[PDB]
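Below, in structure tokens: the form deposited in one PDB entry, a single chain.
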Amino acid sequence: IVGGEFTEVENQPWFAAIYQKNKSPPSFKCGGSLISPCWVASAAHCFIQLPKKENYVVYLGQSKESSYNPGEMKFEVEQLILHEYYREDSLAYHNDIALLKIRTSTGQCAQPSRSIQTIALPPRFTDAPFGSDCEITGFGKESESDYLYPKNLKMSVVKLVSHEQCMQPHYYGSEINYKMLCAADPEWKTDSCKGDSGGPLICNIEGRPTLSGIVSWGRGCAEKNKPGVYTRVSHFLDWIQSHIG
């Protein structure tokens, strides 16, 4: 995360940390969100270069990447589902969403705690407005030109950007479609970055934190006129219900 502050999972207790196994400790690879006790949502691009469920391990309840955290829970991936129309197109990703069924060494799904909670999915519809300020979180880089990653969780606040604005040529032109969500900082100083992908974009809808987007792409980090782009979760609700329901 560029900008924002360092924080503890207790402030993003749906955050899921997805690592890849090694031939020998596992490598942090990207973020995700606990959308139900057995199911983590993330980005499909996180799994392409090796799409085998046995190669991944999911930790819930972590403030510090790649070390033990009190109240941590470690899960194997029972089932790995990538969207059927996932696709890379030279600038960006499309239909960039994945579902992971998680399970412990002893069979259990996620056990709630102050550091492990689920996050709500957006409603089909809702009347009554809400704010366009939404939260991001992850272990991504703190600046686009860093080598090296922070090792401790960070969080920040960005504003949603209208499709129309995001589609202006100065922004991302016709690469942006109705299945995507754009979010940036109005003064271009806080953003998600490399290593934040798959992680959540938390808006506050009908009074509760809501998973409105998944970190998918953007040119650099906190660059002027280059918002972060998120899978628009509300668009995939029926797809999500048909798999986890």
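We number the residues from 1 along the sequence you see. Here the rigid core means the biggest group of C-alpha atoms that line up within 1.5 Å when the two forms are laid on top of each other.
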| query | finding |
| --- | --- |
| No coordinates for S145 in a third or more of the other PDB entries | yes |
| Deposited but uncoordinated residues in the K23/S24 interval | 1 to 3 |
| Which of 123-131 and 157-165 has higher mean CA B factor, as the PDB entry lists it | 123-131 |
| Of 140-148 and 103-111, the one with larger mean CA B-factor | 103-111 |
| Top residue by Cα temperature factor, when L50, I176, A41, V215 are compared in the entry | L50 |
| Ranked C-alpha temperature factor of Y86 among modelled chain residues, by third | lowest |
| Where the record places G198 (Cα B-factor, split into thirds across the chain) | lowest |
| Modelled-residue ranking by C-alpha temperature factor, third containing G31 | lowest |
| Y171, C-alpha B-factor rank within chain (lowest, middle or highest third) | middle |
| CA B-factor placement of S192, once the chain's modelled residues are sorted into thirds | lowest |
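A second form of this protein, the form deposited in another entry, is not displayed here; the remarks below concern that form.
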property: Large Cα shift (2 Å or above) at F125 between this form and the one not shown, core-fitted; result: yes
property: Exceeds or equals 2 Å, Cα of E72 between this form and the one not shown, core fit; result: yes
property: Threshold 2 Å Cα movement between this form and the one not shown at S36, rigid core reference; result: no
property: Cα distance between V57 and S66, which in that other deposited form differs by 3 Å or more from this form, closer or farther; result: farther
property: Sense of the change in Cα distance from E78 to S66 in that other deposited form - at least 3 Å versus the shown form; result: farther
